[PDB]
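Asks: Please find the sequence and an experimentally derived structure below.
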Amino acid sequence: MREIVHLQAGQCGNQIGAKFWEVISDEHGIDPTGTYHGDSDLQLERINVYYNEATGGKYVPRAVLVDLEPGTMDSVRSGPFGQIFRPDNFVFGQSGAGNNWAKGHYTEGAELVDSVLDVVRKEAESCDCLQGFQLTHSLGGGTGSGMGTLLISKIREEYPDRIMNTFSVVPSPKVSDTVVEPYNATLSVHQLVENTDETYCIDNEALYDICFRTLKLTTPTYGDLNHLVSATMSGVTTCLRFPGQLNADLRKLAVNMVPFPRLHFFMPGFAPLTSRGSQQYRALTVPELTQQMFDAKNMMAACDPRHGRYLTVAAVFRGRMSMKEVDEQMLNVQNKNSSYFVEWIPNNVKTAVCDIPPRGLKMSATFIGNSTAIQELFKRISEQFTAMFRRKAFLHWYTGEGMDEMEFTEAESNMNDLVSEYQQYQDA
Amino acid sequence: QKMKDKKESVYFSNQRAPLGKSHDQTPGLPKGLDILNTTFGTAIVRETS
Amino acid sequence: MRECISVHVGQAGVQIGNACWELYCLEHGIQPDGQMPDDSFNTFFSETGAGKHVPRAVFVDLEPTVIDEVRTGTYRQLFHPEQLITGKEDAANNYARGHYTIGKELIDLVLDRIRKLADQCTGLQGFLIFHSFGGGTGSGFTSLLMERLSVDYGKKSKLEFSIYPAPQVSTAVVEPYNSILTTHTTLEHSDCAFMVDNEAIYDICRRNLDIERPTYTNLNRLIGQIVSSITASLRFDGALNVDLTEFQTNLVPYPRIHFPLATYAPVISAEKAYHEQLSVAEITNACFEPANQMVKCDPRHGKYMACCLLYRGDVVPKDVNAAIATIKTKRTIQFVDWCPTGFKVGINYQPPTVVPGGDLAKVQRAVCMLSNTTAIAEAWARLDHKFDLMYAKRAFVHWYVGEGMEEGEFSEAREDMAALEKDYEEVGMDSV
Amino acid sequence: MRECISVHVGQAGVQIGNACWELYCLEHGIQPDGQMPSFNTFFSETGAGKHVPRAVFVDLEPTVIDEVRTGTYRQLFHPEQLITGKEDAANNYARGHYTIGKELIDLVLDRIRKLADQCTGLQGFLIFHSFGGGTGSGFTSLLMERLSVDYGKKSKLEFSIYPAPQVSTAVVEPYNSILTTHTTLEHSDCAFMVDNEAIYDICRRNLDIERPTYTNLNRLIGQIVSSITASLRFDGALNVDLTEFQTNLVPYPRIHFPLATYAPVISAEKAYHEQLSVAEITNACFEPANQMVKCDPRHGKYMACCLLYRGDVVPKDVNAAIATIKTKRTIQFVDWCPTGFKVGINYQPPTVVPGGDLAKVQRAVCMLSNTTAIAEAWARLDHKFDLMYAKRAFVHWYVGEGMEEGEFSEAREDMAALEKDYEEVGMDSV
Ligand SMILES: Nc1nc2c(ncn2[C@@H]2O[C@H](COP(=O)(O)OP(=O)(O)OP(=O)(O)O)[C@@H](O)[C@H]2O)c(=O)[nH]1
Ligand SMILES: Nc1nc2c(ncn2[C@@H]2O[C@H](COP(=O)(O)OP(=O)(O)OP(=O)(O)O)[C@@H](O)[C@H]2O)c(=O)[nH]1
Ligand SMILES: Nc1nc2c(ncn2[C@@H]2O[C@H](COP(=O)(O)OP(=O)(O)O)[C@@H](O)[C@H]2O)c(=O)[nH]1
Ligand SMILES: [Mg+2]
Ligand SMILES: [Mg+2]
C-alpha cells in the first residue's frame, strides 16, 4: 500500500528494466512459472507492491513493456524470465522511428499512446493505495528520452501528489553513442524537471572504473552494469516491502530529499562490493562499510564530490546492526568532512535501517546522495548545445513536423536555469 | 597435355604469384584451415569473471 | 519483422549483387536450391510452403548478357523468374538512352515489382540498390528508379553502394560526363549513398594480403562483406543495434553531406593472423591508418566528421571506449572542432563468416567503419577539372544531343557541383 | 610490464640480430619456430601460443634478409617486419640517407608505431648499427631524427662497430665514421662501442681459435647484450634498468661512447682446471690485454666503471674485489670521482649457445668504462679524414647524390671540438 506502477521505454531502460525483475524475484522466492519457492516467511506478505497475483495459485508482475521498435520486446520474451508477464500489454509494433523527437510526440507516437496509457490506466484503477510510478529510460535518443516525457505528461493531469521514480543514464563526458544527443537530451528537460521527482542519474563511464579498480574486472560487459544498477533499484524499496526500524515511503523520501521544486536528482551506490581476491583480506563493520558508501569511487555517476557540497545524503542500511553505530558513525563522516556540506543545514544526513537485507552478504548497504557538484554534468551538456548551435545544424528533420527554433533556444535556458541556481545556492 | 605443361614445367616460375590465389601459404601457417586464429579469447575473461 | 528491398542495375552492381547472395545464404543453412534443413532471415528473404526460401532482390539491366549467365548458372533455383528482367540492346553508355529513349520501356514493369514485394511486407525499412557512378545505364537508369520511388512512396530511406571513379584509372571516355548525371539525382532524393573505388582494393590486395593481379572476383567479395556487416544488424540481435531510418538523421549533418567511406578492419590471410594479435585496441585504429581505406586519398588533409564504428563478433564494451578516447588524444587524427566527440559504436554477437575458397582468414572480430570525412572534396575537385576541358571544345555532346540532351544542362549540373564544392568550404571553416 | 623494441640495420646489425635471437630464445623455453613444448619484455602473445618477438629488421639489400624468410627462423618473425629495399646504399652516406633511404622511412617508422602501441611501459630501443658504410651509419642518422621527434624522451641505446686503428675492409671508411657523429652526438642517448680487431686477438690468445669467421665474433657480442638485458627479465639482488645506465655513465652530453669487456672468456679445455672466483675475474676486466677495444687504458685515466655480474656471486666478495682495485697505482682514476664504480647482480648464469666455443661457467662479468684514453682513437681517425680530404679524394660521389661540399669540413671541426671536450676534462683540477 505504498504502490508503484512500472513501465519500460527506450533500448537502454528496457534491458535494465528487464534486469530489474531478475533481482527482485530472487529476493521474494518466485520461480518464472510463478510458484513461490522461497523458504523464508517474509517474502510474501508485502508482495503486492510490484505484483498482481494470478488465478490458480500463481504470481505475475505489474509492468508494461513498450518501445516502438520490436526487436527488444521480442528479445526479452525469449529471455531468462520472459514467461512471467501478461501478454495483453506488450504494445510492440513492427514499425520504427529514426530518433526524432518531432514525430514521436506529434505523429508517430500519437497513434500509439492511447494503447500505451490505457493499461497504465488498467492496473491503477483497480488498485488499493497507489503512490508512485517507475519508468526506466535513458537521456540520449529520440526514443528513450523522447518518450520519457510522453509517458509522464498526461499522468500529472490527474494524479495530484503521486511521486514518479524514473531512472536515467546520462551522457558520458569523453565518448558518444549518438551525434544528435544534446539536440535531444535537453528537449526532455523542458518537461521532466517540471514533473519528475526521482531520476537516479547514471554515467556509463563511472560504471567501468568501479569494475576496473574495486572489482578488478578487466572486461565489464552489459551483463555487469545492469546488475550494478539493479542493486540501487531494489535498495531504495527496502522500507516499502520489509520490516525495519526507521521506515519511510517514496513521499518521505521526497519531503526529506527535495528542498526546492527543481533539485531532485539522485546518485546511486552500493557499499559491500569487493573483488574476489581481496575479499577475505577485508573485514566489514558499520565503520568499514561507511567508507565504501562515502568513498570517492563508489558512485555510478562520475562527478567530483570535492567540487561541491552535499545537500541531503540519505544512505539506507540493511541488516542486523547497532544503531548508535548508525548515528555516531554518520556524524563522524560529517564532523571530519566540514566544509563540503552546506552551512545553512545543521544535520545533513539521514539513515534508514532495515531488518532483512538483500541477499549476498550479511550486512548490505546502499548509499544515495543529492550533491550540488553535478552542475559540471550540467555545464558540459548545456555548452554542447549552444557552441554547436552557432551554425543551425540539424533542424531540417524536426521542422517537417513543427519543431521551430523558438523552442530550441528557450529550452537551453531551462537547462541553464538549473545551473544558475546551484551557483545561487553554493555560495547561498 | 595442358595439365602436364602447366604442372611439370611451369611450376618453377609462377610459384610466387598466382591469378586469384595468394600464395602457397601451407609452409608458413602451421595450422589447419578450419581452426580459429584471432588475438585471444574474451571467453577467457567471461569464464574467469 | 524488419525487411529490405534490393535492386541491381548495371554490370557493376549486378555482379557484386551476385556476389552478395552467396554470403547471405552461407550465414544460414539455406542451400542454393532454396531448401533449408527462425524468425531472423525475413530481412532479405521469404518462405514458400514447400520448404523453399525466396530472396528479396530484383535484377534488371537493359543488356542481357549478365542476367542470362545466372539463369543458366547454378543460382536460378533461388530467385523469382518474374523478377529477372532482361532486355534487348543496351544504352550506348549514353544518358538519354538509359533514361529517355530505351530506358523508358521497362520502367512500369520494374516499378510494379518494388510495388509487389512491399505490398506483402509488414513494416519496411529502406532500399538496398547497387549501382556505379560513371556508367551510362548505371547512372541514367538508377536516376529514374530513384525519382519514381520516393515521389510515389515517400518517407523511406535509401541505401545504395556505388563505385567512385578513380582520379587515375577508368574504363570509358565519357565518365566525367557520366558522373555529373547520377550525382545530380543522388543529391535530390538519395539519403545514404555510399561508395568505394576499384583502385584501393587493388592495393589492400598487395600489402595486407599478398595477392598480386587482383581479378574482378576478389573485389566483389570484400564489397559484399562491408554491406553484410552493415545490413546484418537487421537479422541478428545485439547489444547496440541501429535501424536503417535511425542513421538517416545522425549521419547527415546538413542536407548535402551524405557520402561517407567504408573500411573492414581485419582483412588478412592465414599466415599473418596466425602471427598477428588482432584484439579490440588495435583493429579499431587500423581503420584510421592511412592504408586501409576505400578511396585512394590522403586522410590527414581532412577531418573525420561523423565516424560510426560498427563492430561485430566477440567483443566487450570496456574495450571500445578505452580505445575510442585513445583516438582523440592522438594529434594526427584531427577532427572537426564544432561537432562533438563524433564517434559512434555498435556491438553485435555474430562473428565474421568466411565464404570458403577465399583468401580471407578466420578472425573472431570485425569492424565496419562509416566515416564522413573532409578529405573527399579533393577528389570532387578533380572530377570537374576532368569535365570542363571537354566542354571548352564541346566534345561528345552530339550523341547526347542525338538522344535528347540539351547543350545548356551540362552547365546547370556543373554549377550544381560548384554548389557541392562550396559547401565543404563553408561548413569546413571554423565557426566563430 | 616493461618492454624493449629492437631494430637492426645494415649488414652488420642484421647478422648481429640473428646471433642474439638464437640465444635470446634459448634463455627461455621456446622452439625456434616460435612455439613452446616473465619474458614479456621481448615477446607478445597471441592466444594460440605463438611467441612473436618485438623486432623490426631492415636492410636495403634483399640478400641478407632473404635468409631470414627462408632460414630456420622464418616461423618466428611476423613477415611484415623484415623490411627490404631494392638496391644498396653502395657504402654511401649520400645514398643511405638522402636518395635510397627516403622510400622506406615511412614504412619503418609506421611499423615502429605498431609495436609501440600495445606495450605497457616502454623504456628502451635496442637499435643496432655500425660505423662502417652507408646503411649502417647513414640510415641510422635519419632513423634517429624521426624517433626522438615523434616519441620524445624514451631512452635509446645503440650498439656500434668501430673502425680499427689499422685493420679494415673499406677505403672510404673515415668518410663515413666522422660524418656519422652528427647523429650519435645529439639524439641517441648512449652508444656502446666495440671495434672489430680487438675481438680478433681475444679470439686468438684467450680462446685458442685460429681463423675465426663472422660467426664467432657474433657469438661473443651476443653474450654482452644478453648481459645488459638480464636485469629486465630475471629478478636479482641488484637489478639495473636501462634508464639507470644513462645517468650513471655519461659525465657530459657530448660524451656517450662507453666500451665493453667480458671477463671469463676462456675455452672449454682450460675452464675445468681454473676456478673463477670474483676476486680474479674482476681483475680480468681491467687488463690491457683483455680489453675489447684497442685503446690502451694505461695511456690515460678511468672515468666511471659499470659492472654487471651474473651467477653464483655473493655481494661482499664484490666489495672486497672493488676496493683492491682503487688501492693500486697503475689503474689511474679521474681526480674528481671518488665513487668510481657502479655494480649489478643477477641470479641466472650465462647459457652457452650450441655451436659456441665459450665454456659453461658459473660466473661472468660484463664491464663498462668511460676512459680518458680513447681520445687517441679519435686522434688517428680525424687524421685519416685529414689525409684524404686535403686533395678532395673520393668526394665526387657523395656530392652528386645530394650533399654540399662544406658539409664534410663542417664535421671535421665538430670532431675537433669533441677531442678537446674530451681532453680538457683530463687534467687534474687544482
Ligand atoms: N566491382 C566491380 N566493378 C565492375 C565490374 N565490372 C565492371 N565494373 C566497373 O564498372 C565500370 C563501368 O561502369 P558501369 O556502370 O558498370 O557501366 P554500365 O552503366 O553498367 O553499362 P554496361 O556496359 O551495360 O555494363 C568500370 O569502370 C568498372 O570499374 C565488376 O565485375 N565488379
Ligand atoms: N662486428 C661485425 N662487423 C661487421 C660484420 N659485418 C660487417 N661488419 C662491418 O661492416 C662494415 C661495412 O658496412 P656494412 O654495414 O656491412 O655495409 P653497408 O654500409 O650497410 O652496405 P650494405 O650492407 O650493402 O647495405 C665493415 O667495416 C665491417 O667492419 C660482422 O658480421 N660483425
Ligand atoms: N547499460 C546498458 N546501456 C545501454 C544498453 N544499450 C544501450 N545503452 C546505452 O544507451 C546509450 C544510447 O542512448 P539510447 O538509450 O540508445 O537512446 P535510445 O535509442 O532512445 O534508446 C548508449 O550510450 C549506451 O551506453 C544496455 O544494454 N546496457
Ligand atoms: Mg552491362
Ligand atoms: Mg651493410
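Replies: Looks like it arrived, so ask away. Residues are numbered from 1 along each chain as shown, chains lettered A, B, ... in the order given. Ligands and ions are numbered 1, 2, ... in the order given.

Asks: Give me the contact list for stretch C:348-363.
Replies: With CB atoms under 8 Å, 6 or more residues apart in numbering or on different chains as the contact definition, stretch C:348-363 has outside contacts at B:21-22, B:34-38, C:22-23, C:26-27, C:209, C:211, C:218, C:221, C:225, C:229, C:232-233, C:236-241, C:266-270, C:272-273, C:278, C:311-314, C:364-366. No exception for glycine: its C-beta is placed from N, CA and C like everyone else's.

Asks: Quick check: buried residues in that stretch?
Replies: The neighbour-count check on stretch C:348-363 (16 or more other CB atoms under 10 Å in any protein chain shown) flags C:348, C:350, C:351, C:352, C:353, C:354, C:359, C:360, C:361, C:362, C:363 as buried.

Asks: Now do the contacts for residue 15.
Replies: Picked chain A for this. A:72, A:222, A:226.

Asks: should've been chain B
Replies: residue B:24.

Asks: Tell me how far the residue in chain A that ligand 5 sits nearest to lies from residue A:418.
Replies: Relative to ligand 5, the nearest point of chain A is residue A:218 (44.9 Å; CB to the ion). From residue A:218 across to residue A:418, the span is 37 Å (CB to CB, to the nearest Å).

Asks: Filter the contacts of stretch C:348-363 down to the ones in strands?
Replies: C:311, C:312, C:313, C:365, C:366 (DSSP state E).

Asks: for the residue nearest to residue C:250 when sequence neighbours are not counted, what are its contacts?
Replies: Residue nearest to residue C:250 in three dimensions, not counting chain neighbours: residue A:179, with 4.5 Å by CB to CB, 6 or more residues apart in numbering or on different chains. Taking CB under 8 Å, 6+ apart, we find residue A:179 in contact with C:250, C:251, C:306, C:339, C:340, C:342, C:344.

Asks: do residue C:260 as well
Replies: Under the criterion of CB under 8 Å, 6+ apart, the neighbours of residue C:260 are C:194, C:251, C:306, C:370, C:371, C:372, C:373.

Asks: And residue C:161, by the same measure?
Replies: Residue C:161 neighbours (CB under 8 Å, 6+ apart): C:13, C:130, C:194, C:195, C:196, C:223, C:226, C:227, C:262.

Asks: Can you name the residue of the stretch 151-300 of chain A nearest ligand 2?
Replies: Residue nearest to ligand 2 within the stretch 151-300 of chain A: residue A:218 (44.8 Å; CB to the nearest ligand atom).

Asks: which ones are touching that residue?
Replies: Counted by CB under 8 Å, 6+ apart, residue A:218 has contacts A:212, B:45, C:318.

Asks: again, only this time at 7 Å
Replies: Residues near residue A:218 by CB atoms under 7 Å, 6 or more residues apart in numbering or on different chains: residue B:45.

Asks: tell me which element it falls in.
Replies: Secondary structure from DSSP states H and E places residue A:218 outside every helix and strand.

Asks: What's the separation between it and residue A:229?
Replies: Applying CB to CB to residue A:218 and residue A:229 gives a distance of 20 Å.

Asks: just residue C:424 next, same as before
Replies: Distance, residue C:424 to residue A:229, using CB to CB: 43 Å.

Asks: since we're on the residue in the stretch 251-400 of chain C positioned nearest to chain D, how many residues are nearby?
Replies: Ranked by CB to the nearest CB, the top residue of the stretch 251-400 of chain C for proximity to chain D is residue C:275, at 4.2 Å. Residues lying near residue C:275 (other CB atoms under 10 Å in any protein chain shown) number 23.

Asks: contacting residues for it?
Replies: By CB under 7 Å, 6+ apart, the contact set of residue C:275 is D:50, D:52, D:78.

Asks: which bits of chain B sit near chain D?
Replies: Residues of chain B lying close to chain D by CB under 7 Å from any CB of the partner chain are B:30, B:37, B:38, B:39, B:40, B:41.

Asks: I would like a PyMOL command selecting only the buried ones among those residues, please.
Replies: The PyMOL command for the buried members of the residues of chain B next to chain D (criterion: 16+ other CB under 10 Å) is given here:
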select buried, chain B and resi 37+38+39
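
Asks: and which of the residues of chain B next to chain D is nearest to residue A:33?
Replies: residue B:41 (35.3 Å; CB to CB).

Asks: What segments of chain B are helices?
Replies: B:2-7, B:43-48 (DSSP state H).

Asks: And the residue nearest the centre of chain B?
Replies: With distances taken as CA atoms, centre = their mean, residue B:25 lies nearest the centre of chain B, 3.5 Å away.

Asks: before we move on, back to that, how about JSON lines for the buried residues of stretch C:348-363, with secondary structure added?
Replies: Shown next, in JSON lines, are the buried residues of stretch C:348-363 (DSSP: H, G, I helix; E, B strand; the rest coil):
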{"residue": "C:348", "secondary structure": "strand"}
{"residue": "C:350", "secondary structure": "coil"}
{"residue": "C:351", "secondary structure": "coil"}
{"residue": "C:352", "secondary structure": "coil"}
{"residue": "C:353", "secondary structure": "coil"}
{"residue": "C:354", "secondary structure": "coil"}
{"residue": "C:359", "secondary structure": "coil"}
{"residue": "C:360", "secondary structure": "coil"}
{"residue": "C:361", "secondary structure": "coil"}
{"residue": "C:362", "secondary structure": "coil"}
{"residue": "C:363", "secondary structure": "coil"}
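
Asks: from those, which two are the most distant?
Replies: For these, and using CB to CB, no pair is farther apart than C:348 and C:359, which are 24.4 Å apart.
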